[PDB]
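Here is the structure we will look at, set down as structure tokens.
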Amino acid sequence: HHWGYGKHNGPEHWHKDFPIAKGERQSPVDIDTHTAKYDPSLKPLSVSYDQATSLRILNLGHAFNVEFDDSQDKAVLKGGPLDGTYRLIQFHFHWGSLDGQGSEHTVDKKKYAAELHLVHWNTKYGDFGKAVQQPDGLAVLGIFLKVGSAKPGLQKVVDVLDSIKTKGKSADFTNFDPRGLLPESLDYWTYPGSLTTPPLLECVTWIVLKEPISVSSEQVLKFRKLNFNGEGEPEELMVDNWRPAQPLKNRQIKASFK
Ligand SMILES: [Zn+2]
């Protein structure tokens, strides 16, 4: 028995095991485009993924991760509202059971079909485990997915999902270039947030891109065939693994564009 996205262990139940769920800087949040403030001080994002080394793709039960080698500054994120170098460690998605829902962040209450999260940690802290204990430990790039034209760079991920259908399954996933998942523009909003899953730690500096990237209905359909359960257990489709928007409270969302 543990947390999940069901009716008896869903987001509304998390606070019982993780009190920080009712914290002051929880994520996700609704981005009100007319309240976000343009900040001329914000610098352009610097994404250097040319030397990225993907290693494996694993079904964690609540989502699947595509892990990268973070033993050196191979794939890093710099600039923007960040101070220092952040290394990419893994990326994952959250999606819905229908095309009208699935994203965690919303824009003027608009929900997208899915949301991609590219997780990076601040190298000044040594390792990921130490970074999550700091207020500026992580820097997560969020990208919205809308249903429309297929995204070529995502097909490689889609085709291997059959091999990691159930919880605990993993597969080698080398030579995947994350640059194929980025939109044309890097304009973004940013705000201080948390992880969206337990342990819900408030160590994130969120960088949500304005431009969504289009994927086909066929591609998203395959995400919906994954299982929350482990092999040999009752089947429960991995869908709607998103947390609803939380109170913004004492925070301001800044935009890199006007
Ligand atoms: Zn996420």
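Values computed for the structure shown
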read-out	value
Total charge dipole magnitude, the chain, about the Cα centre, Cβ charges on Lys, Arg, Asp, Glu only, Debye to nearest 20	500 debye
Long-range HN-HN contacts of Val107 with modeled amide H, under 5 Å	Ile31
Å³ per residue enclosed by the Cα convex hull of region 203-258	154 Å³
Cα gyration tensor, region 1-149 - rounded (a/c under 1.5), prolate or oblate	rounded
DSSP bridge orientation in the chain - percent antiparallel, rounded to nearest 5	80 percent
Point-to-point label distance, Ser48-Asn250, nm (Cα→Cβ direction, 7 Å offset)	3.7 nm
Neighbour-count order for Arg224, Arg25, fewest beta carbons within 10 angstrom listed first	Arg224, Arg25
Cβ charges +1 (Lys, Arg) and -1 (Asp, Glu), total dipole of region 168-258, debye	540 debye
In nm, spacing of pseudo-spin labels at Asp187 and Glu12 (7 Å Cα→C-beta vector)	3.7 nm
Rounded to whole Hz, the Karplus (6.51, -1.76, 1.60) HN-Hα couplings of region 93-102, x for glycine and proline	10, 10, 9, x, 8, 9, 5, x, 8, x
Shape call, the chain: gyration tensor on alpha carbons, a/c limit 1.5	rounded
Distance between region 224-246 and region 103-150 - C-alpha centres, whole angstrom	20 Å
Exposure proxy order (Cβ contacts within 10 Å, fewest to most) of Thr174, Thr166, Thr190	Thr174, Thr166, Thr190
Gyration tensor verdict on region 120-245 (Cα atoms; rounded if a/c is under 1.5, prolate if a/b is larger than b/c, oblate otherwise)	oblate
Relative contact order of the chain, defined on C-alpha pairs under 8 angstrom at six or more residues apart (%)	26 percent
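No lab work stands behind these numbers, since they all come straight from the coordinates. Note: ideal-geometry Cβ built from the backbone for every residue, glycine included; neighbour counts use all protein chains shown.
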